[PDB]
>>> print(open('model.txt').read())   # compact mmCIF, C-alpha atoms and all ligand atoms
# COMPACT_ATOMS: atom_id res chain seq x y z
CA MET A 1 -9.84 -25.73 3.65
CA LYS A 2 -8.11 -23.75 6.41
CA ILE A 3 -9.03 -20.06 6.76
CA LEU A 4 -6.74 -17.93 8.94
CA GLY A 5 -8.21 -14.75 10.39
CA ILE A 6 -5.90 -11.95 11.51
CA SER A 7 -6.88 -8.80 13.39
CA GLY A 8 -4.86 -5.66 14.00
CA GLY A 9 -7.23 -3.98 16.48
CA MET A 10 -7.43 -3.87 20.27
CA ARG A 11 -8.02 -7.26 21.95
CA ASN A 12 -11.78 -7.83 21.94
CA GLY A 13 -12.36 -4.78 19.76
CA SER A 14 -14.54 -4.46 16.68
CA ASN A 15 -11.86 -5.68 14.28
CA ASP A 16 -11.57 -8.85 16.37
CA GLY A 17 -15.34 -9.26 16.17
CA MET A 18 -15.67 -8.61 12.45
CA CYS A 19 -12.79 -11.06 11.87
CA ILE A 20 -14.32 -13.75 14.08
CA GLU A 21 -17.65 -13.05 12.41
CA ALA A 22 -15.96 -13.75 9.08
CA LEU A 23 -14.32 -16.86 10.51
CA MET A 24 -17.83 -18.06 11.46
CA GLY A 25 -19.07 -17.49 7.93
CA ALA A 26 -16.12 -19.61 6.82
CA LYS A 27 -16.97 -22.46 9.18
CA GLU A 28 -20.57 -22.38 7.96
CA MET A 29 -19.03 -23.24 4.57
CA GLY A 30 -17.05 -26.13 6.05
CA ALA A 31 -13.66 -24.46 6.56
CA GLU A 32 -11.37 -25.17 9.47
CA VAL A 33 -10.62 -21.79 11.05
CA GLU A 34 -7.91 -20.20 13.18
CA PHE A 35 -7.45 -16.67 14.59
CA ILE A 36 -4.41 -14.48 15.30
CA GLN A 37 -4.65 -11.22 17.27
CA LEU A 38 -1.64 -9.11 16.34
CA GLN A 39 -1.42 -7.32 19.73
CA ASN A 40 -0.08 -10.66 21.12
CA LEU A 41 2.78 -10.52 18.60
CA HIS A 42 6.14 -8.78 18.80
CA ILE A 43 7.02 -7.40 15.38
CA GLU A 44 9.89 -4.97 14.80
CA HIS A 45 9.98 -2.32 12.10
CA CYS A 46 11.74 -3.03 8.81
CA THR A 47 15.23 -1.58 9.31
CA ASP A 68 10.76 -10.91 15.58
CA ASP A 69 7.48 -12.92 15.79
CA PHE A 70 7.15 -12.09 12.11
CA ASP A 71 8.47 -15.46 10.87
CA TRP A 72 6.03 -17.38 13.08
CA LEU A 73 3.22 -15.25 11.61
CA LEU A 74 4.32 -15.81 8.00
CA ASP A 75 4.50 -19.53 8.74
CA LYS A 76 0.86 -19.45 9.87
CA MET A 77 -0.12 -17.53 6.71
CA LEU A 78 1.69 -19.91 4.38
CA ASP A 79 -0.19 -22.89 5.82
CA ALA A 80 -3.59 -21.26 5.26
CA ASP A 81 -5.62 -21.76 2.10
CA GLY A 82 -7.23 -18.36 2.48
CA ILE A 83 -6.68 -15.48 4.88
CA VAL A 84 -9.10 -12.87 6.22
CA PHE A 85 -7.31 -9.75 7.45
CA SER A 86 -9.19 -7.07 9.41
CA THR A 87 -7.36 -3.83 10.11
CA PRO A 88 -8.21 -0.58 11.91
CA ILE A 89 -7.99 2.64 9.92
CA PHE A 90 -5.29 5.10 11.05
CA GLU A 91 -4.95 8.42 9.24
CA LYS A 92 -7.08 7.19 6.31
CA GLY A 93 -5.07 4.01 5.80
CA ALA A 94 -4.01 0.86 7.59
CA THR A 95 -2.07 0.97 10.86
CA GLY A 96 1.68 1.38 10.93
CA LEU A 97 1.83 -2.30 11.89
CA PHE A 98 0.13 -3.30 8.63
CA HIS A 99 2.64 -1.25 6.69
CA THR A 100 5.40 -3.02 8.62
CA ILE A 101 4.02 -6.43 7.67
CA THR A 102 3.90 -5.17 4.07
CA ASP A 103 7.53 -3.99 4.35
CA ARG A 104 8.77 -7.31 5.68
CA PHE A 105 6.85 -9.21 3.02
CA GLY A 106 9.28 -7.98 0.34
CA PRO A 107 12.33 -10.09 1.14
CA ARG A 108 10.31 -13.22 1.69
CA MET A 109 7.16 -13.25 -0.43
CA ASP A 110 7.83 -11.57 -3.76
CA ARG A 111 6.51 -14.05 -6.25
CA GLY A 112 8.89 -13.10 -9.02
CA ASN A 113 11.91 -13.49 -6.79
CA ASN A 114 10.78 -16.81 -5.31
CA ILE A 115 10.19 -18.11 -8.83
CA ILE A 116 13.71 -17.01 -9.81
CA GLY A 117 15.29 -18.49 -6.70
CA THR A 118 13.54 -21.83 -7.10
CA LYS A 119 14.70 -22.09 -10.72
CA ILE A 120 18.25 -21.06 -9.77
CA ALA A 121 18.40 -23.46 -6.83
CA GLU A 122 17.09 -26.36 -8.92
CA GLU A 123 19.65 -25.77 -11.63
CA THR A 124 22.72 -25.08 -9.45
CA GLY A 125 22.27 -27.91 -6.94
CA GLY A 126 21.07 -25.49 -4.28
CA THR A 127 18.42 -26.25 -1.68
CA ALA A 128 14.78 -25.76 -2.71
CA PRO A 129 13.20 -22.76 -0.91
CA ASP A 130 9.89 -23.18 0.95
CA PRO A 131 7.53 -24.82 -1.60
CA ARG A 132 4.65 -23.19 0.32
CA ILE A 133 6.00 -19.75 -0.57
CA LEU A 134 4.84 -20.20 -4.19
CA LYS A 135 1.40 -21.72 -3.57
CA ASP A 136 -1.58 -19.79 -4.83
CA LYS A 137 -3.63 -18.26 -2.04
CA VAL A 138 -6.75 -16.14 -1.58
CA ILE A 139 -7.07 -13.22 0.83
CA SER A 140 -9.79 -10.76 1.86
CA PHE A 141 -9.47 -7.53 3.75
CA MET A 142 -11.72 -5.42 5.94
CA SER A 143 -10.84 -1.91 7.06
CA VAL A 144 -12.77 -0.63 10.08
CA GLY A 145 -12.75 3.09 10.84
CA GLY A 146 -14.51 5.50 13.16
CA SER A 147 -15.26 8.15 10.55
CA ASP A 148 -15.16 8.63 6.78
CA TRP A 149 -11.44 9.48 6.72
CA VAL A 150 -10.98 6.16 4.90
CA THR A 151 -9.71 7.02 1.41
CA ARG A 152 -6.36 5.21 1.46
CA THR A 153 -6.93 2.00 3.47
CA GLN A 154 -8.14 -0.24 0.60
CA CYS A 155 -5.05 0.62 -1.45
CA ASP A 156 -2.88 -0.08 1.62
CA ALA A 157 -4.54 -3.48 1.91
CA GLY A 158 -4.11 -4.24 -1.80
CA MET A 159 -0.33 -3.65 -1.48
CA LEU A 160 0.08 -6.47 1.01
CA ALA A 161 -1.39 -8.93 -1.46
CA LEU A 162 0.52 -7.53 -4.42
CA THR A 163 4.02 -8.71 -3.48
CA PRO A 164 3.01 -12.41 -3.37
CA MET A 165 0.15 -11.93 -5.90
CA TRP A 166 -2.44 -13.46 -3.60
CA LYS A 167 -5.93 -13.27 -5.09
CA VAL A 168 -8.07 -10.61 -3.43
CA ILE A 169 -11.63 -11.92 -3.03
CA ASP A 170 -13.02 -8.98 -0.95
CA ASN A 171 -11.50 -5.63 0.10
CA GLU A 172 -14.18 -3.86 2.16
CA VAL A 173 -14.19 -0.48 3.96
CA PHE A 174 -16.38 0.19 7.01
CA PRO A 175 -16.67 3.89 7.89
CA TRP A 176 -18.41 5.23 11.01
CA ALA A 177 -17.85 1.83 12.63
CA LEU A 178 -17.11 2.60 16.31
CA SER A 179 -20.43 0.88 17.21
CA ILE A 180 -20.33 -1.56 14.32
CA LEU A 181 -20.80 -4.67 16.49
CA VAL A 182 -24.45 -3.65 17.04
CA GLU A 183 -25.08 -2.77 13.38
CA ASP A 184 -26.49 -6.11 12.25
CA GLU A 185 -26.51 -5.49 8.51
CA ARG A 186 -22.78 -4.73 8.65
CA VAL A 187 -21.82 -7.66 10.87
CA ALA A 188 -23.82 -9.55 8.24
CA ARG A 189 -21.54 -8.31 5.47
CA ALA A 190 -18.56 -9.52 7.52
CA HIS A 191 -20.20 -12.93 7.78
CA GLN A 192 -20.73 -12.89 4.02
CA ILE A 193 -17.05 -12.02 3.55
CA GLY A 194 -16.02 -15.13 5.49
CA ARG A 195 -18.41 -17.23 3.43
CA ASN A 196 -16.71 -15.90 0.29
CA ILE A 197 -13.12 -16.45 1.43
CA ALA A 198 -13.92 -20.04 2.40
CA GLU A 199 -15.65 -20.67 -0.92
CA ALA A 200 -12.77 -19.07 -2.86
CA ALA A 201 -10.36 -21.24 -0.87
CA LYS A 202 -12.14 -24.41 -2.03
CA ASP A 203 -11.03 -23.68 -5.66
CA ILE A 204 -8.28 -21.05 -5.79
CA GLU A 205 -7.88 -21.52 -9.56
CA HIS A 206 -11.50 -20.64 -10.32
CA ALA A 207 -12.09 -18.21 -7.45
CA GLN A 208 -12.98 -14.73 -8.70
CA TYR A 209 -12.94 -11.26 -7.10
CA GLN A 210 -16.15 -10.49 -5.18
CA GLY A 211 -15.64 -6.80 -4.38
CA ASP A 212 -16.29 -3.35 -5.81
CA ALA A 213 -15.43 -2.76 -9.46
CA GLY A 214 -13.73 0.57 -8.73
CA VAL A 215 -12.09 2.60 -11.48
CA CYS A 216 -8.85 0.79 -12.40
CA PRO A 217 -10.19 -1.95 -14.72
CA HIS A 218 -7.21 -4.11 -13.67
CA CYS A 219 -6.27 -3.24 -10.03
CA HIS A 220 -9.90 -2.19 -9.22
CA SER A 221 -8.28 0.70 -7.33
CA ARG A 222 -9.84 4.13 -6.97
CA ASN A 223 -6.55 5.78 -5.95
CA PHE A 224 -4.74 7.62 -8.76
CA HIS A 225 -1.71 9.89 -8.79
CA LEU A 226 -2.33 12.59 -11.39
CA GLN A 227 0.20 14.51 -13.46
CA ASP A 228 -0.15 16.25 -16.83
CA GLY A 229 -0.46 13.49 -19.42
CA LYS A 230 -0.25 10.57 -16.98
CA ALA A 231 -2.66 9.10 -14.46
CA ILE A 232 -1.17 6.18 -12.53
CA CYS A 233 -2.99 3.44 -10.63
CA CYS A 234 -1.70 3.77 -7.09
CA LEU A 235 -2.01 -0.01 -6.63
CA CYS A 236 -1.08 -1.84 -9.87
CA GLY A 237 1.12 0.85 -11.43
CA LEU A 238 -0.63 1.12 -14.82
CA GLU A 239 -0.07 4.50 -16.48
CA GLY A 240 -3.02 5.72 -18.55
CA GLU A 241 -5.66 8.45 -18.48
CA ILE A 242 -8.61 9.34 -16.23
CA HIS A 243 -11.85 10.39 -17.94
CA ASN A 244 -14.74 12.37 -16.38
CA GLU A 245 -18.02 11.58 -18.17
CA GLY A 246 -20.46 13.80 -16.36
CA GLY A 247 -18.94 13.13 -12.93
CA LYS A 248 -18.33 9.41 -13.47
CA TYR A 249 -14.61 8.61 -13.70
CA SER A 250 -12.94 5.79 -15.64
CA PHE A 251 -9.44 4.61 -16.47
CA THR A 252 -7.90 3.69 -19.83
CA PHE A 253 -4.38 2.58 -20.63
CA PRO A 254 -2.47 1.19 -23.60
CA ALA A 255 -2.61 -2.63 -23.68
CA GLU A 256 1.19 -2.66 -23.85
CA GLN A 257 1.11 -1.34 -20.26
CA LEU A 258 -0.28 -4.68 -19.04
CA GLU A 259 3.24 -6.06 -19.48
CA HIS A 260 4.46 -3.69 -16.76
CA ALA A 261 1.78 -3.80 -14.03
CA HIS A 262 3.19 -4.46 -10.56
CA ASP A 263 0.79 -7.37 -9.90
CA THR A 264 1.86 -9.47 -12.88
CA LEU A 265 4.77 -11.85 -13.28
CA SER A 266 5.87 -9.85 -16.32
CA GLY A 267 5.84 -6.57 -14.40
CA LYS A 268 7.71 -8.02 -11.43
CA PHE A 269 10.43 -9.60 -13.56
CA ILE A 270 11.11 -6.29 -15.25
CA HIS A 271 11.02 -4.48 -11.88
CA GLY A 272 13.56 -6.85 -10.36
CA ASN A 273 15.70 -6.78 -13.50
CA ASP A 274 15.85 -3.01 -13.07
CA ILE A 275 16.76 -3.43 -9.38
CA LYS A 276 19.69 -5.74 -10.10
CA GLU A 277 20.89 -3.32 -12.79
CA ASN A 278 20.70 -0.25 -10.55
CA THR A 279 22.16 -2.12 -7.59
CA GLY A 280 25.20 -2.88 -9.71
CA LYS A 281 25.64 0.74 -10.73
CA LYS A 282 25.45 1.65 -7.04
CA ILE A 283 28.03 -0.86 -5.82
CA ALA A 284 30.41 0.47 -8.45
CA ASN A 285 29.73 4.13 -7.64
CA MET A 286 30.41 3.33 -3.98
CA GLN A 287 34.01 2.68 -4.87
CA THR A 288 34.55 6.03 -6.67
CA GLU A 289 36.23 8.96 -4.99
CA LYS A 290 33.25 11.16 -5.64
CA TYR A 291 31.27 8.81 -3.43
CA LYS A 292 33.94 8.31 -0.75
CA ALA A 293 34.86 11.99 -0.33
CA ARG A 294 31.21 13.09 -0.08
CA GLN A 295 30.48 10.41 2.51
CA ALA A 296 33.59 11.43 4.45
CA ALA A 297 32.45 15.05 4.54
CA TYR A 298 29.03 14.01 5.86
CA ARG A 299 30.63 11.98 8.66
CA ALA A 300 32.81 15.00 9.53
CA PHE A 301 30.10 17.64 9.43
CA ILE A 302 27.74 16.32 12.11
CA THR A 303 27.08 13.40 14.43
CA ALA A 304 23.73 11.77 15.05
CA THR A 305 22.13 12.73 18.36
CA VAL A 306 20.71 9.91 20.48
CA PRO A 307 18.82 9.60 23.76
CA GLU A 308 20.64 8.84 26.98
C1 LIG B 401 -4.26 6.96 16.20
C2 LIG B 401 -5.56 6.72 15.49
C3 LIG B 401 -5.84 7.21 14.23
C4 LIG B 401 -7.06 6.95 13.64
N1 LIG B 401 -7.37 7.40 12.40
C5 LIG B 401 -8.54 7.15 11.81
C6 LIG B 401 -8.87 7.66 10.47
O1 LIG B 401 -7.96 8.33 9.95
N2 LIG B 401 -10.07 7.37 9.92
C7 LIG B 401 -10.95 6.61 10.65
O2 LIG B 401 -12.10 6.26 10.29
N3 LIG B 401 -10.67 6.14 11.86
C8 LIG B 401 -9.53 6.36 12.49
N4 LIG B 401 -9.29 5.87 13.78
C9 LIG B 401 -10.26 5.07 14.55
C10 LIG B 401 -9.89 3.60 14.66
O3 LIG B 401 -9.99 2.97 13.40
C11 LIG B 401 -10.75 2.80 15.67
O4 LIG B 401 -10.45 3.10 17.03
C12 LIG B 401 -10.61 1.28 15.40
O5 LIG B 401 -11.24 0.90 14.18
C13 LIG B 401 -11.13 0.43 16.55
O6 LIG B 401 -11.05 -0.97 16.29
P1 LIG B 401 -10.82 -1.99 17.46
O7 LIG B 401 -12.07 -1.92 18.17
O8 LIG B 401 -10.50 -3.32 16.91
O9 LIG B 401 -9.74 -1.32 18.16
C14 LIG B 401 -8.05 6.14 14.37
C15 LIG B 401 -7.77 5.66 15.63
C16 LIG B 401 -6.55 5.93 16.23
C17 LIG B 401 -6.20 5.42 17.60
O1 LIG B 402 -11.72 7.04 18.19
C1 LIG B 402 -10.88 7.92 17.49
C2 LIG B 402 -9.81 8.53 18.04
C3 LIG B 402 -9.08 9.27 17.46
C4 LIG B 402 -7.90 9.93 18.17
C5 LIG B 402 -6.47 9.64 17.71
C6 LIG B 402 -5.46 10.23 18.30
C7 LIG B 402 -5.71 11.20 19.45
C8 LIG B 402 -6.94 11.46 19.85
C9 LIG B 402 -8.12 10.78 19.15
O2 LIG B 402 -9.17 9.65 16.17
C10 LIG B 402 -10.24 9.18 15.19
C11 LIG B 402 -10.26 9.57 14.00
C12 LIG B 402 -11.23 9.12 13.19
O3 LIG B 402 -11.29 9.53 11.85
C13 LIG B 402 -12.23 8.19 13.74
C14 LIG B 402 -12.14 7.75 15.18
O4 LIG B 402 -13.08 6.86 15.71
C15 LIG B 402 -11.09 8.27 15.98
>>> encode(input="model.txt", output="structure tokens")
Amino acid sequence: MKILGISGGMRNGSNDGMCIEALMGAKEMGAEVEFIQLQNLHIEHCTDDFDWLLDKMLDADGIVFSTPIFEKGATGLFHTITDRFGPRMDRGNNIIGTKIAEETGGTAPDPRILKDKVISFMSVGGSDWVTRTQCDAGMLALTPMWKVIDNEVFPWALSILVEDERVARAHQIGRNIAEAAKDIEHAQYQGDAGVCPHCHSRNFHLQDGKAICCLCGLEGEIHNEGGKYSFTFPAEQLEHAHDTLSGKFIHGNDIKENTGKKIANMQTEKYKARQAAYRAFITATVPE
């Protein structure tokens, strides 16, 4: 089993160390290990080394991703890798495209793209402003529905590489990812139960009569039993969650529908006159 470790920190920083630590836990379990340090990569924003990177990820059996915490979440670069995962890694779309190619004499997309895969995350911060990073990390897995084994947060971690019990946890995380990689079918989540009984998220967006899991999308209700919170939802919802084939198919179906309505609207005069007025009213300023 090949475990790929990826770090988004400074070269030779803590995130590198925690990720190599995990890689060592994986080798202890017999895995072959590799390491990518994202500062060596050129990756543009979602409007160039990205493909190479995705290639490396597709060939791994499990991945361990260690990211710094910036403004409570992952770095902008992690969000950019999440952005660029859409067009390439959505499991619903790649299932559709493989079916359609097979049945229309088209060429078979990358088999690899549809292989099951396990992934674990570590978020390393310098304080306790860390309340959005785990959800950030979950999003990356959600597009391709990789199985999250561990999704750990490390606050007050500027000097983490001399905190032995925490470097130990990182080692344990690499043990787990390698073990999960040995049997991806029967591998099971090893992290914190959280509140969402499905996502395991603790991030909810709250409006009157509707609490929504910020990760899996389930709409239900949050309950406070003497300061302990908990999340219920109608079973029917499970059809719609964003990390299920059912939920993705619907989601895409809605995209194709609304993208049709748009293309048509773009030919109306309402659309064309309004756009023409915008072009006339102002011009975008740019640097010299
Ligand atoms: C621009 C910026 C924003 C940051 N925001 C947070 C934050 O919101 N919460 C937190 O714990 N740490 C934050 N940090 C601290 C970084 O996570 C820390 O420098 C990083 O984990 C170091 O890892 P490395 O050694 O691999 O670079 C921030 C750091 C920078 C540079
Ligand atoms: O080492 C840090 C530097 C900065 C930081 C970022 C931009 C400008 C000046 C300092 O912010 C932090 C925020 C945190 O919650 C935890 C940290 O360890 C840091």
>>> residues_near_point(input="model.txt", point="(-9.3, -27.2, 2.2)", cutoff="10 Å", atoms="all atoms listed in the file", output="ChimeraX atom specification")
/A:1-3,30-32,80-82,198-199,201-203
>>> write_last_selection(input="model.txt", atoms="C-alpha atoms", output="CSV table (one decimal), in the frame of the given file")
chain,number,residue,atom,x,y,z
A,1,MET,CA,-9.8,-25.7,3.6
A,2,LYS,CA,-8.1,-23.8,6.4
A,3,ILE,CA,-9.0,-20.1,6.8
A,30,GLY,CA,-17.0,-26.1,6.0
A,31,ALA,CA,-13.7,-24.5,6.6
A,32,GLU,CA,-11.4,-25.2,9.5
A,80,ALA,CA,-3.6,-21.3,5.3
A,81,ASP,CA,-5.6,-21.8,2.1
A,82,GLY,CA,-7.2,-18.4,2.5
A,198,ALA,CA,-13.9,-20.0,2.4
A,199,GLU,CA,-15.6,-20.7,-0.9
A,201,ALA,CA,-10.4,-21.2,-0.9
A,202,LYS,CA,-12.1,-24.4,-2.0
A,203,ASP,CA,-11.0,-23.7,-5.7
>>> atom_distance(input="model.txt", atom1="atom CA of residue 146 of chain A", atom2="atom CA of residue 193 of chain A")
20.1 Å
>>> residues_around(input="model.txt", residues="residue 191 of chain A", least_positions_apart="3", cutoff="8 Å", atoms="all atoms listed in the file", output="ChimeraX atom specification")
/A:18,21-26,187-188,194-195
>>> closest_residue(input="model.txt", among="A:175, A:196, A:71, A:242", to="residue 215 of chain A", atoms="all atoms listed in the file")
A:242
>>> closest_atom_pairs(input="model.txt", of="chain A", to="ligand LIG 402 (chain B)", cutoff="8 Å", atoms="only C-alpha atoms and all ligand atoms", output="Markdown table")
| residue | atom | partner | partner_atom | distance |
| --- | --- | --- | --- | --- |
| A:89 | CA | B:LIG402 | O3 | 7.9 |
| A:90 | CA | B:LIG402 | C11 | 7.3 |
| A:91 | CA | B:LIG402 | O3 | 6.9 |
| A:92 | CA | B:LIG402 | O3 | 7.3 |
| A:145 | CA | B:LIG402 | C13 | 5.9 |
| A:146 | CA | B:LIG402 | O4 | 3.2 |
| A:147 | CA | B:LIG402 | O3 | 4.4 |
| A:148 | CA | B:LIG402 | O3 | 6.4 |
| A:149 | CA | B:LIG402 | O3 | 5.1 |
| A:150 | CA | B:LIG402 | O3 | 7.7 |
| A:176 | CA | B:LIG402 | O4 | 7.3 |
| A:177 | CA | B:LIG402 | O4 | 7.6 |
| A:178 | CA | B:LIG402 | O4 | 5.9 |
>>> residues_near_ligand(input="model.txt", ligand="ligand LIG 401 (chain B)", cutoff="12 Å", atoms="all atoms listed in the file", output="PyMOL selection string")
chain A and resi 6-20+37-39+85-97+142-153+173-181
>>> residues_near_point(input="model.txt", point="(-2.3, -20.0, 3.4)", cutoff="9 Å", atoms="all atoms listed in the file", output="PyMOL selection string")
chain A and resi 2-4+75-83+132+135-139
>>> atom_distance(input="model.txt", atom1="atom CA of residue 259 of chain A", atom2="atom CA of residue 238 of chain A")
9.4 Å
>>> closest_residue(input="model.txt", among="A:250, A:223, A:114, A:305", to="residue 165 of chain A", atoms="only C-alpha atoms")
A:114
>>> atom_distance(input="model.txt", atom1="atom CA of residue 219 of chain A", atom2="atom CA of residue 235 of chain A")
6.3 Å
>>> closest_atom_pairs(input="model.txt", of="segment 75-138 of chain A", to="segment 264-282 of chain A", cutoff="8 Å", atoms="all atoms listed in the file", output="JSON lines")
{"residue": "A:111", "atom": "CA", "partner": "A:265", "partner_atom": "CA", "distance": 7.6}
{"residue": "A:112", "atom": "CA", "partner": "A:268", "partner_atom": "CA", "distance": 5.7}
{"residue": "A:113", "atom": "CA", "partner": "A:272", "partner_atom": "CA", "distance": 7.7}
>>> write_last_selection(input="model.txt", atoms="C-alpha atoms", output="PDB file, keeping the file's coordinate frame")
ATOM      1  CA  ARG A 111       6.510 -14.050  -6.250  1.00  0.00           C
ATOM      2  CA  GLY A 112       8.890 -13.100  -9.020  1.00  0.00           C
ATOM      3  CA  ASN A 113      11.910 -13.490  -6.790  1.00  0.00           C
TER       4      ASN A 113
END
>>> closest_residue(input="model.txt", among="A:263, A:28, A:110, A:183", to="residue 237 of chain A", atoms="all atoms listed in the file")
A:263
>>> residues_around(input="model.txt", residues="residue 234 of chain A", least_positions_apart="4", cutoff="10 Å", atoms="all atoms listed in the file", output="list in words")
residues 152, 155, 156, 158, 159, 216, 219, 221, 222, 223, 224, 225, 226, 238 and 239 of chain A
>>> residues_around(input="model.txt", residues="residue 255 of chain A", least_positions_apart="3", cutoff="12 Å", atoms="only C-alpha atoms", output="list in words")
residues 217, 218, 238, 239, 240, 252, 258, 259, 260 and 261 of chain A
>>> write_last_selection(input="model.txt", atoms="C-alpha atoms", output="PDB file, in the frame of the given file")
ATOM      1  CA  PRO A 217     -10.190  -1.950 -14.720  1.00  0.00           C
ATOM      2  CA  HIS A 218      -7.210  -4.110 -13.670  1.00  0.00           C
ATOM      3  CA  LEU A 238      -0.630   1.120 -14.820  1.00  0.00           C
ATOM      4  CA  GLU A 239      -0.070   4.500 -16.480  1.00  0.00           C
ATOM      5  CA  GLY A 240      -3.020   5.720 -18.550  1.00  0.00           C
ATOM      6  CA  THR A 252      -7.900   3.690 -19.830  1.00  0.00           C
ATOM      7  CA  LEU A 258      -0.280  -4.680 -19.040  1.00  0.00           C
ATOM      8  CA  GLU A 259       3.240  -6.060 -19.480  1.00  0.00           C
ATOM      9  CA  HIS A 260       4.460  -3.690 -16.760  1.00  0.00           C
ATOM     10  CA  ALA A 261       1.780  -3.800 -14.030  1.00  0.00           C
TER      11      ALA A 261
END
>>> closest_residue(input="model.txt", among="A:33, A:73, A:168, A:182", to="residue 200 of chain A", atoms="all atoms listed in the file")
A:168
>>> build_atoms(input="model.txt", residues="segment 155-170 of chain A", atoms="N, CA and C atoms", output="PDB file, in the frame of the given file")
ATOM      1  N   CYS A 155      -6.286   0.729  -0.672  1.00  0.00           N
ATOM      2  CA  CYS A 155      -5.050   0.620  -1.450  1.00  0.00           C
ATOM      3  C   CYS A 155      -3.937   0.025  -0.593  1.00  0.00           C
ATOM      4  N   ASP A 156      -3.767   0.538   0.639  1.00  0.00           N
ATOM      5  CA  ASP A 156      -2.880  -0.080   1.620  1.00  0.00           C
ATOM      6  C   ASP A 156      -3.060  -1.589   1.632  1.00  0.00           C
ATOM      7  N   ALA A 157      -4.297  -2.045   1.821  1.00  0.00           N
ATOM      8  CA  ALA A 157      -4.540  -3.480   1.910  1.00  0.00           C
ATOM      9  C   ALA A 157      -4.131  -4.194   0.619  1.00  0.00           C
ATOM     10  N   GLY A 158      -4.491  -3.628  -0.533  1.00  0.00           N
ATOM     11  CA  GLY A 158      -4.110  -4.240  -1.800  1.00  0.00           C
ATOM     12  C   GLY A 158      -2.609  -4.473  -1.926  1.00  0.00           C
ATOM     13  N   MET A 159      -1.794  -3.517  -1.459  1.00  0.00           N
ATOM     14  CA  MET A 159      -0.330  -3.650  -1.480  1.00  0.00           C
ATOM     15  C   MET A 159       0.157  -4.924  -0.807  1.00  0.00           C
ATOM     16  N   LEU A 160      -0.416  -5.271   0.344  1.00  0.00           N
ATOM     17  CA  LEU A 160       0.080  -6.470   1.010  1.00  0.00           C
ATOM     18  C   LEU A 160      -0.068  -7.666   0.095  1.00  0.00           C
ATOM     19  N   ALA A 161      -1.205  -7.790  -0.580  1.00  0.00           N
ATOM     20  CA  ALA A 161      -1.390  -8.930  -1.460  1.00  0.00           C
ATOM     21  C   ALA A 161      -0.481  -8.873  -2.681  1.00  0.00           C
ATOM     22  N   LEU A 162      -0.058  -7.679  -3.090  1.00  0.00           N
ATOM     23  CA  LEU A 162       0.520  -7.530  -4.420  1.00  0.00           C
ATOM     24  C   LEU A 162       1.887  -8.188  -4.519  1.00  0.00           C
ATOM     25  N   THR A 163       2.711  -8.067  -3.483  1.00  0.00           N
ATOM     26  CA  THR A 163       4.020  -8.710  -3.480  1.00  0.00           C
ATOM     27  C   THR A 163       3.923 -10.199  -3.804  1.00  0.00           C
ATOM     28  N   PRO A 164       3.158 -10.981  -3.051  1.00  0.00           N
ATOM     29  CA  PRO A 164       3.010 -12.410  -3.370  1.00  0.00           C
ATOM     30  C   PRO A 164       1.918 -12.726  -4.387  1.00  0.00           C
ATOM     31  N   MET A 165       1.264 -11.727  -4.967  1.00  0.00           N
ATOM     32  CA  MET A 165       0.150 -11.930  -5.900  1.00  0.00           C
ATOM     33  C   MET A 165      -0.943 -12.864  -5.368  1.00  0.00           C
ATOM     34  N   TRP A 166      -1.259 -12.773  -4.087  1.00  0.00           N
ATOM     35  CA  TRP A 166      -2.440 -13.460  -3.600  1.00  0.00           C
ATOM     36  C   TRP A 166      -3.675 -12.865  -4.255  1.00  0.00           C
ATOM     37  N   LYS A 167      -4.693 -13.702  -4.451  1.00  0.00           N
ATOM     38  CA  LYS A 167      -5.930 -13.270  -5.090  1.00  0.00           C
ATOM     39  C   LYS A 167      -6.852 -12.639  -4.067  1.00  0.00           C
ATOM     40  N   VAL A 168      -7.154 -11.365  -4.278  1.00  0.00           N
ATOM     41  CA  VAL A 168      -8.070 -10.610  -3.430  1.00  0.00           C
ATOM     42  C   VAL A 168      -9.503 -11.003  -3.783  1.00  0.00           C
ATOM     43  N   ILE A 169     -10.216 -11.598  -2.830  1.00  0.00           N
ATOM     44  CA  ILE A 169     -11.630 -11.920  -3.030  1.00  0.00           C
ATOM     45  C   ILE A 169     -12.516 -10.737  -2.656  1.00  0.00           C
ATOM     46  N   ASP A 170     -12.281 -10.137  -1.470  1.00  0.00           N
ATOM     47  CA  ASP A 170     -13.020  -8.980  -0.950  1.00  0.00           C
ATOM     48  C   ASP A 170     -12.066  -7.983  -0.307  1.00  0.00           C
TER      49      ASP A 170
END
